[PDB]
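Read off the chains here:
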Amino acid sequence: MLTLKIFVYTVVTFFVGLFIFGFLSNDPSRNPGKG
Amino acid sequence: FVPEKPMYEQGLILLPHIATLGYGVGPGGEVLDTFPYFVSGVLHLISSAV
Amino acid sequence: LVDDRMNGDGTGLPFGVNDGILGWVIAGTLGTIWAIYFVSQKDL
Amino acid sequence: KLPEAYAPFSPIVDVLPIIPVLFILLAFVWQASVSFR
Amino acid sequence: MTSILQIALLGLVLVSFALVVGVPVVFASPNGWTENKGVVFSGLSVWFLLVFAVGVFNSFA
Amino acid sequence: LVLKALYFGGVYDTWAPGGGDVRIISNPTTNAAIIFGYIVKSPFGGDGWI
Amino acid sequence: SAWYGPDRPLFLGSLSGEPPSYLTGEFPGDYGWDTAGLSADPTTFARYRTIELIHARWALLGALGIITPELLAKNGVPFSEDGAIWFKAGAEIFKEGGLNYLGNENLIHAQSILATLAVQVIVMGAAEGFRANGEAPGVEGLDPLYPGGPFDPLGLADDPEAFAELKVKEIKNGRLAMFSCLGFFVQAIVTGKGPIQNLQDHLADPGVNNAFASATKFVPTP
Amino acid sequence: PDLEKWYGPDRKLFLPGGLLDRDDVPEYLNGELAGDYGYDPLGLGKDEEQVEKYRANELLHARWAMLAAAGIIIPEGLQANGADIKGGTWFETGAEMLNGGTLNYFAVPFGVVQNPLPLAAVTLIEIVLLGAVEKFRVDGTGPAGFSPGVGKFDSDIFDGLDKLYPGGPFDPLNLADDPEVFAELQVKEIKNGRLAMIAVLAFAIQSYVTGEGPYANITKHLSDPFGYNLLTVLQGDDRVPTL
Amino acid sequence: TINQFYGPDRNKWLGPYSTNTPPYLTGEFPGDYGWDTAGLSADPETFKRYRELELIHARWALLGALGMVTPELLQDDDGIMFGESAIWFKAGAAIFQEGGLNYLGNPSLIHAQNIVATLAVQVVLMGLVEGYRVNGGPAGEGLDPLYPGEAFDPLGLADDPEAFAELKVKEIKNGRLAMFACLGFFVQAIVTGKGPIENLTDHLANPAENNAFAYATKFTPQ
Ligand code: CHL
Ligand code: CHL
Ligand code: CLA
Ligand code: CLA
Ligand code: CLA
Ligand code: CLA
Ligand SMILES: CC1=C[C@H](O)CC(C)(C)[C@H]1/C=C/C(C)=C/C=C/C(C)=C/C=C/C=C(C)/C=C/C=C(C)/C=C/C1=C(C)C[C@H](O)CC1(C)C
Ligand SMILES: CC1=C[C@H](O)CC(C)(C)[C@H]1/C=C/C(C)=C/C=C/C(C)=C/C=C/C=C(C)/C=C/C=C(C)/C=C/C1=C(C)C[C@H](O)CC1(C)C
Ligand SMILES: CC1=C(/C=C/C(C)=C\C=C\C(C)=C\C=C\C=C(C)\C=C\C=C(C)\C=C\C2=C(C)CCCC2(C)C)C(C)(C)CCC1
C-alpha cells in the first residue's frame, strides 16, 4: 500500500527537480530584451 | 504592571520576551522583580538615541 | 489490530520517510534529473 | 510599576509609542513642505 | 539620594530634548555643522555625562 | 544565547517538576540527527516542522 | 581553472614557493608536491605516473566496493553479518551457504576458494599481460597509459580540452579515493568495524566518538 | 609596509572626517611621530620641541606600564589557578615581607623556588641598580657588553646613536634596520603602550573600588556579568526587592 | 682540523676501510662519510632533498630524544607530580584524566581539556610555519632553505666558516645520535612496554640475565 506512496513521491520529486533545475538553469536570460 | 495577577492579562507583549530569558522569574513563575525589565528598556532607549 | 496500516503518521519522520527505499528513490530521481541537466548544461 | 526613584516620570513615559508613527507623518510634512518635488 | 537622581534625570530629559530639536536643524543648516561643532560636542558630552551619572546614581538610590 | 543558557544561569524551563523552574541548561542536545530531523519534518499536526 | 601551464594550482597554495624544474605542468594532478624528489628521471617519472594512475583506478573501484555492500546490508539486502563488513567478506566462502551475492542462495554460491583464486590468477594475468604489451588480439598499438577505444565506448576522449580536464578530474578523484581506501584500512586495523558504521557512531556524539577514542588500544604492557 | 595609514598629512585622527575637519588639528602635529592622532584639546602640546621632550617620558612610561600590566595579570592568575606564588595579588605583595616573611618565584616551567632575600637588601640592590641603569640611560655610557644584538661591543657604541631609539645592543633580534617595518613596529609599540597604561589605571581603580585583584574581577565578571559589574559592586548588597 | 672530515681523505663509515667511496660524495656538505651502500643518493638534486629532510628529521629527533626522559627524570618516588603518565609512551593520556593536562604536576601550568582544540591550533599554526619554511615570510624568503640563520641566530655563534664546518658536522652527528636513540626508544616501547630509565636501572642492577635476550621469547608465535 506503500507502493502508491513511493510512486507519488517519485513523481513529486521529479516535478520539483524540474522546477529547481529549470530556475537554476540561467532563467533570467530567457528574455527577448537586451539583457 | 500589576504584580499580584498572572502576567498575561495586562496587554504586555515583550516583557514575556525578557521573562522567557528568566530575568526575574520565580520558581512557579512569579515575577519577583521588575528592575531587569526596566534596565533593559532604558539601555534600549539610550542605544536608540545614539 | 484488524487491518495492516502504515503506522508512520507522526513519530517525527524526516520528509515523511519511513522506509529507506523511498529516500533512495527520491535521491535517485533528483540525481537523475541532475545528471541530465549537468551533461546537457551550457545549452549544447 | 516603576521603582520609587522613577515614579514621577511615568506620565512623561506614557506618551512614547506614537512617536514612530509621527516620524512617517513628519516625513509627509517634509514632502509637503518641499511641495512634492 | 533620590532627589539628586531625579534632578539629574530631569536635566537629562531637557538635554536630550534640546539635542532632538537641534541636531537635525543644525545638520541640515546651510554651513551650520562646521560652526556649531563646539556646542554639539558640548551637548553630547553633557548628555553622556548625565546618562553615566544616572547609571552610577541608581546603585545608591 | 548559548552563554546565557549554559554559563549565566538563566532562562525558564516550563517542564521542570512542580510547574517549571529557571534552569541553567546542562548537557544540551546538539546532535545533527535530532537537529536536522527537527528542521526537515512535516509542518502539520502530526509533528509540526519548526 | 588553468590546471596546466605555469599558473597551475600548487600543493600548499600561495605558500608553495617554487615548483620543481623537472615538473613544469604537462601532466594531470600537478601541484609540485615533490618534497623527496622520487621522480627525477623522466623514465622513473613515467613509471611512477603509471603506478599512480593504476592505483587511482583501483582505489575508486575499491571505494565503491567497500561502501556499497554494507549500505545494502543496512538497507534491507539480506547479507550475512560476516560478509557485510568488508575485511571479513573473504571469510564468507568458508560457510555452508557459500558466497551469496546480495544474500541470494542461487546467486554465485561459490565454495571452492582454490578454484576461484585459480581462475582469478588466469583472468587477471591475461588482462595485465595484455596491458603490458600495448597490443592485444583485436587491439592495435597505442598509448599504454591511456588506451581508450574499446575501453571508451562512450567516446568522451575525442575532444582535447575536455579530455584534459577530465584527466584532471580522474586523477583528483583517484587521489580522494586512495585517501579513503587507506583510511578504511586504518579503521579496519584500529576500530575493527565498517567505515559506514564508524561514521554512524561518529554522528551519535562527535565529541567523544572520534579518532581520539581509540588512542589507548595498541599501548604495550610489560 | 603601509605607512600612509599612520604617517603623512592624511592620517587616522581622534575624530573622523565628518565630525573633525582636517584644519582643526593644531600646526605642530603634521604626521611625523608615532601615535599622531591630532588629539590635543588643551594647551599641553605647545610646540614640536616640547612634544619631543615629552616623547621620552611617554615611551618609557608606556613600557613601564606595559611591564606593570603583565606583572599584574600573571601572578594573580597563577595564585587563583593554584601556583604557590604567595602574594600574587598586586597591591598586597609588599605586605608579605615585614617581620620574617619571604617570597617565592614561579619561573615557568621550572619555578617554585623559595627566595630567602630580605626586603632591606632587595630594596638596596633595586635602588642602586635602577639608579645605575638610569644614569646609563641619560648619559649614554655602558661599562660592559656581550649582548645578542652584537657580540662583545665596547663602551663607545652609545655615542652617535639616537636618544630613546638607539640601535644595536637593544635589538637582539635585529629586524629594525628597515624604516618601514621600524615605523610600523613603532606605532604598534606606542599603541600597545597606551592600551597597557589605560589597563594599568583600570587595575588600580578596580583595586581601590572592589578590594580584590583584577584577574579575580574579570573571572567573577565572566562568572556572572550582571551579578558582578560596576553598578552591582557599587550597589552593595541584596537590593528591597522592587516589585 | 677541517680536512679530517671534509677532505678527500676524511673520516668515513669504516675509517681507513672505506676504499670504494662513491664518486659524487666528495665531502663538501656536512657529513658525507660515504655510507650509501644502497645507492639511493645517485641523483644530485634528490641527494639535496634527502639531505634537507635529513637535517629536519635530525633536529626534530633531537627534540624528541631529549624530551623523552625529562618527565621521567623529574618523576619522584611515588608520583604526585605525574601518575602513570610520567612515561614517554603514556604521555598522551595526560589529556584524558579527571584533572587535565598539567605540565609539571600543577593546575597553574597548561591545564587543558580539549585535545581536539589543541589539535586544531597545532595543525593550523605549524602547517602555516611549514609554509613559511618552504616559501618565506617574516623571517626570510630568499635564504638557504636548510641553513637560513638570520632571525634564528641571535647569539652570534654563526659567523666563522671553519666553525660552521665543525659545528655543522657536530649537528649531523648529534642528530644521527638522537635518530638512532629514538629508534631505540620506539623499539624498547614495543618489545618491553617499559620506560627507558627504569629499563636502564633494571639492567644496571644485573646485566647478566637482563637483556633483549630475555624478551626474545615474547614474539614467539605459539
Ligand atoms: C611522532 C608523533 C607521535 C607518536 C609517535 C605518538 C605515540 C603515541 N601516542 Mg600520541 N603520538 C604522537 C603524536 C600525537 N599524539 C597526540 C595525542 C595522543 C593522545 C590523546 C594519546 C596518545 C597516545 C599515544 C600512544 C599510543 C599507544 C600506542 O601503542 O600507540 C602506537 C605506538 C606504537 C605502537 C609504538 C611505536 C611508534 C612508532 C611506530 C611511531 C613512529 C612512526 C609513526 C608512523 C609516526 C609518523 C609521523 C606522523 C604520522 C605522526 C603512543 C606511544 C595515547 C597514550 O599515551 O596512551 C597511554 C593517548 O591517549 N597521543 C597528539 C595530539 C596532540 C599528537 C600530535 O602530534
Ligand atoms: C579547557 C579548559 C582550559 C582551562 C581551564 C585553561 C586554563 C589555563 N590555561 Mg589553557 N586552559 C584551558 C584550555 C586550553 N589551554 C590551551 C593552551 C594554553 C597555553 C599555551 C597556555 C595556557 C595557559 C592557561 C592558564 C592561563 C591563565 C593565566 O596564566 O593567566 C594569567 C596570565 C595572563 C592573563 C596572560 C599571560 C600571557 C603570557 C604569554 C605572558 C608572557 C609575558 C612575556 C613578557 C612575553 C614576552 C615574549 C616576547 C615578545 C619577548 C590557565 C590556568 C597558560 C599557562 O599554563 O601559563 C602558565 C599558557 O601558557 N593554555 C589550549 C590549547 C589551545 C586549551 C585547549 O582546550
Ligand atoms: C603510491 C601511489 C602514488 C604514486 C605512485 C604517485 C606518484 C607520483 N605523484 Mg602522487 N599522490 C598520491 C599517490 C601517489 N603518487 C596521493 C595519495 C596523493 C595525495 C596526497 C598524491 C598527490 C600528488 C600531488 C599533489 C602531486 C603528485 C605528484 C606525483 C608524481 C611525482 C611525485 C613522486 O614521484 O612521488 C612518488 C610517490 C611515491 C614513491 C609513493 C610512496 C608511498 C609511500 C608508501 C608513502 C608512505 C606514507 C604516505 C604519506 C602515506 C600516509 C597516509 C597518506 C594517505 C597521507 C608521481 C608520478 C606530482 C605530480 O605532478 O604528478 C604528476 C604532484 O604535484 N602526487
Ligand atoms: C570518476 C572516476 C573516473 C574518471 C573521471 C575517469 C575518466 C576517464 N577515463 Mg577512467 N577508469 C576509472 C575511473 C575514472 N575514469 C576506473 C575506476 C577504472 C577502472 C575500471 C577506469 C579505467 C579506465 C580505462 C581502461 C580507460 C579509462 C579512460 C578514461 C578517459 C576517457 C573515458 C571517459 O571519458 O569516459 C567517461 C568517464 C566518466 C563519465 C566518469 C565515470 C563515472 C561513471 C559513470 C561511474 C561508474 C560507477 C558505476 C557504479 C559502475 C561501477 C564501475 C564498474 C564499471 C566497474 C577519461 C578522462 C580511457 C582513457 O585512458 O582515455 C584514453 C581508458 O582507456 N578509464
Ligand atoms: C630517515 C633518516 C635518514 C635519512 C633520510 C638519511 C639520508 C642520508 N644519509 Mg643518513 N643516517 C641516518 C639516517 C638517515 N639518513 C642514521 C640514523 C644514521 C646513523 C646510523 C645515518 C648515518 C649516515 C652516514 C654515515 C652517512 C649517511 C649519509 C646519508 C645521505 C646519503 C645516503 C643515502 O641516501 O641513503 C638513503 C637513506 C634513505 C633512503 C632514507 C633512510 C630511511 C630508511 C629507508 C628506513 C630505515 C633504515 C633502517 C631500516 C633503519 C633500521 C636500522 C638501524 C638500527 C640503523 C642521505 C642524504 C651519507 C652522507 O653522505 O652523509 C651526508 C653518509 O655517509 N647517513
Ligand atoms: C647540539 C645540536 C645542535 C647543533 C650543534 C646546532 C648547530 C647550529 N644550528 Mg641548530 N638546532 C638544534 C640543534 C643544534 N644546532 C635543534 C635541536 C633545533 C630545533 C629547536 C635547532 C634549530 C636551529 C635553527 C632554526 C637554526 C639553527 C641554526 C644552527 C647553526 C648556528 C646556530 C646555533 O644553533 O649555534 C649552536 C648553539 C648551540 C649548540 C647551543 C646548544 C646548547 C643548548 C642550549 C643546550 C640546552 C638544551 C635545552 C634543554 C633544549 C630546550 C630548549 C628549547 C625550548 C628550544 C649551527 C650550525 C641556524 C642555521 O640554520 O644555521 C645558520 C638556524 O637558523 N638551529
Ligand atoms: C606523492 C609523494 C611525493 C612526496 O614528495 C613524498 C611522498 C610522501 C612519498 C608522496 C606521497 C605518497 C602517497 C601518499 C602515496 C599513497 C598512495 C595511496 C594511498 C594509495 C592507495 C591505493 C588504494 C587502493 C589501490 C585500494 C584498493 C582497495 C581494494 C582493492 C579493496 C578491495 C576489496 C573490496 C572492494 C571490498 C572487499 O570486501 C575486500 C576487498 C576485496 C579487499
Ligand atoms: C643512509 C643509509 C644508506 C644505506 O646504504 C641504506 C639505508 C639503510 C637506507 C641507510 C640508513 C638509513 C637509516 C639509518 C635510517 C634511519 C631512520 C631513523 C633513525 C628514523 C627514526 C626517526 C625518529 C624520530 C625522528 C623520532 C622523533 C621523536 C619525537 C619527535 C618525539 C616526540 C614527542 C615527545 C618529545 C614527547 C611526547 O611525550 C611524545 C611526542 C610528542 C611524540
Ligand atoms: C540611564 C540609566 C542607566 C544607565 C546607563 C549607563 C550608565 C550606560 C550605558 C550604556 C550604553 C553605552 C549602551 C550602548 C549602546 C551602544 C551602541 C548602540 C553601539 C554601537 C556601535 C556600532 C553600531 C558600530 C557600527 C560600526 C562602525 C561605525 C564601525 C565599522 C562598522 C560597524 C557597523 C561595526 C541604567 C540603564 C543602568 C538604569 C536606568 C537609568
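Residues numbered from 1 in each chain as written, not as in the entry; some residues may be left out. Chains lettered and ligands numbered in written order. Part of a larger assembly, values for the part shown. Heavy atoms only, no water.

- What the entry reports as its method is cryo-EM, with 4.0 Å given for the resolution.

## Comments concerning the overall build of chain C
Step number 1: Helix and strand counts for chain C come out as one helix and zero strands.
Step number 2: Taking all 44 residues of chain C together, 16% fall into the buried category.
Step number 3: In the form shown here, chain C has an accessible surface area of approximately 3600 Å², with 63% of it arising from carbon and sulfur atoms. (Helix = DSSP H or I, 4+ residues; strand = E, 2+ residues; numbered from the N terminus. Buried < 20%, exposed > 50% of the residue type's maximum accessible area, 1.4 Å probe, protein only. Areas by Shrake-Rupley, 256 points an atom, 1.4 Å probe, with all protein chains shown as cover.)

## A look at the site of ligand 5
Residue and element names in this part refer to chain I.
Step number 1: The environment of ligand 5 is formed by 16 residues, the closest being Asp32, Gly34, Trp35, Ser41 and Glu54.
Step number 2: In the environment of ligand 5, a nitrogen atom lies 3.1 Å from a nitrogen or oxygen atom belonging to the side chain of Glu54.
Step number 3: Breaking the shell around ligand 5 down by element, the ones donating at least two residues are α2 (44–67) and α5 (161–191).
Step number 4: With four residues, α2 is the largest single contributor of residues to the shell around ligand 5.
Step number 5: Along the lines of polarity and charge, the residues of the shell around ligand 5 split into nine nonpolar, two polar and five charged. (Near = heavy atom within 4 Å. Polar contact = N/O pair within 3.5 Å; in protein donor to acceptor, adjacent residues only side chain to side chain. Nonpolar A, V, L, I, M, F, W, Y, C, P; charged D, E, K, R; others polar.)

## Describing the interface of chain H and chain E
Step number 1: If you look at the interface, chain H gives seven residues, while chain E gives eight residues.
Step number 2: Both sides together, the interface formed by chain H and chain E hides about 700 Å², and carbon and sulfur atoms give 59% of it.
Step number 3: Ranking the residues of chain H by area buried against chain E places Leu19, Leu231 and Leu234 of chain H at the top, with a combined share of 59%.
Step number 4: Here chain H and chain E share zero salt bridges between them.
Step number 5: Where chain H touches chain E, the interface holds three residue pairs in polar contact. (Contact = heavy atoms within 4.5 Å. Buried area = accessible area lost by both parts, 1.4 Å probe. Salt bridge = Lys/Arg side-chain N within 4 Å of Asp/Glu carboxyl O.)

## So, the site of ligand 8
Residues and elements named next belong to chain I.
Step number 1: Around ligand 8, a shell composed of 14 residues is seen, among which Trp35, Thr37, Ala38, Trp88 and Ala91 lie nearest.
Step number 2: Separating an oxygen atom of ligand 8 from a side-chain N or O atom of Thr37 is a distance of 2.5 Å.
Step number 3: For ligand 8, the protein covers 52% of the area, taking 1000 Å² as the surface of the free molecule.
Step number 4: Put simply, the parts of the chain that give the shell around ligand 8 at least two residues each are α2 and α5.
Step number 5: If one sorts the elements of the shell around ligand 8 by residue count, α5 sits on top with four residues.
Step number 6: By residue class, the composition of the shell around ligand 8 is eleven nonpolar, two polar and one charged.

## Some thoughts on the arrangement of the chains
Step number 1: When the 13 pairs of chains in contact are compared, the highest contact count belongs to chains G and I.
Step number 2: For the non-touching pair chain A and chain G, the nearest C-alpha separation works out to 16 Å.
Step number 3: In this assembly chain G lies apart from chain H, the nearest approach of their C-alpha atoms being 20 Å.

## Focus: unusual backbone geometry
Step number 1: For the peptide bond that leads from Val108 of chain H to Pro109 of chain H, omega is -5°, which places it in the cis range.
Step number 2: Structurally, the position occupied by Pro109 of chain H is in the loop between β1 (103–105) and β2 (113–115).
Step number 3: Here the phi dihedral of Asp43 of chain C falls at roughly 60°; this positive angle occurs in a residue that is not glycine.
Step number 4: Topologically, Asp43 of chain C is positioned in the segment after α1 (20–39).
Step number 5: Given the relative accessible area of 75%, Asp43 of chain C is considered exposed.

## Here's the deal with the interface of chain G and chain I
Interface extent is often summarised as the accessible area lost during association of the parts.
Step number 1: On the chain I side, the residues contacting the 18 residues of chain G number 22 residues.
Step number 2: Of the roughly 1500 Å² buried between chain G and chain I, counting both surfaces, carbon and sulfur atoms make up 67%.
Step number 3: Interface area lost by chain G to chain I is led by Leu15, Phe212 and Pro220 of chain G, which between them contribute 39%.
Step number 4: For the interface between chain G and chain I, the tally reads zero salt bridges.
Step number 5: Inspection of the chain G/chain I interface yields two residue pairs in polar contact.
Step number 6: Residues that form the side of chain G that touches chain I fall into these classes: ten nonpolar, seven polar and one charged.

## Quick notes on the environment of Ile125 of chain H
Step number 1: Among the secondary structure elements, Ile125 of chain H is positioned in helix α2 (residues 119–139).
Step number 2: Measuring from C-alpha to C-alpha, the distance between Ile125 of chain H and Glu58 of chain H comes to 26 Å, with 67 residues separating the pair along the chain.

## Observations concerning a negative patch on the surface
Step number 1: On the surface, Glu27, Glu32, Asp47, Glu48, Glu49, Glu52 and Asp162 of chain H cluster together into a patch of negative charge.
Step number 2: Positionally, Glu32 of chain H belongs in the segment before α1 (48–81). (Patch = residues over 30% accessible without salt bridge, like charges linked within 9 Å, V, L, I, M, F, W, Y side chains within 5 Å. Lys, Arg positive; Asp, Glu negative; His and termini not counted. Charge placed at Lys NZ, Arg CZ, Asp CG, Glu CD.)

## As for the packing of α1 of chain H against helix α4 (residues 214–223) of chain H
All names here are of chain H.
Step number 1: Contact geometry for α1 and α4: axes closest at 8 Å, N-to-C directions at 65°. Contacts between α1 and α4 involve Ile72, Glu76, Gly77, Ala80 and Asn81 on the former and, on the latter, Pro214, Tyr215 and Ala216.
Step number 2: Taken together, the residues that form the contact of α1 with α4 break down as five nonpolar, two polar and one charged. (Axes fitted to C-alpha atoms, helices over the stretch in contact; angles between N-to-C directions.)

## Considerations on the packing of aromatic side chains
Step number 1: Per the counting criterion, the structure on display carries 22 aromatic pairs over all chains.
Step number 2: Between the aromatic rings of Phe38 of chain B and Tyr6 of chain D, the centroid separation amounts to 4.7 Å while the plane-to-plane angle is 90°, which identifies the pairing as edge-to-face. With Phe38 of chain B in helix α2 (residues 35–49) and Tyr6 of chain D in the segment before α1 (10–13), the pair connects residues from two separate chains. Each member of the pair, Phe38 of chain B as well as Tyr6 of chain D, is classed as buried. (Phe/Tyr/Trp six-rings, centres within 6.5 Å; stacked < 30°, edge-to-face > 60°.)

## Description of a nonpolar patch on the surface
Step number 1: Nonpolar side chains collect at one region of the surface, where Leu45 of chain B together with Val15, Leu16, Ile18, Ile19, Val21, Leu22, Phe23, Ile24, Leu25, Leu26 and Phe28 of chain D lie side by side and expose about 1100 Å² of accessible area between them.
Step number 2: With nine residues, helix α2 (residues 18–33) of chain D is the largest single contributor of residues to the nonpolar patch.
Step number 3: The residue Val15 of chain D is located in the loop between α1 and α2 in this model.
Step number 4: Residue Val15 of chain D is classed as partly exposed on the basis of its relative accessible area, which comes to 45%.

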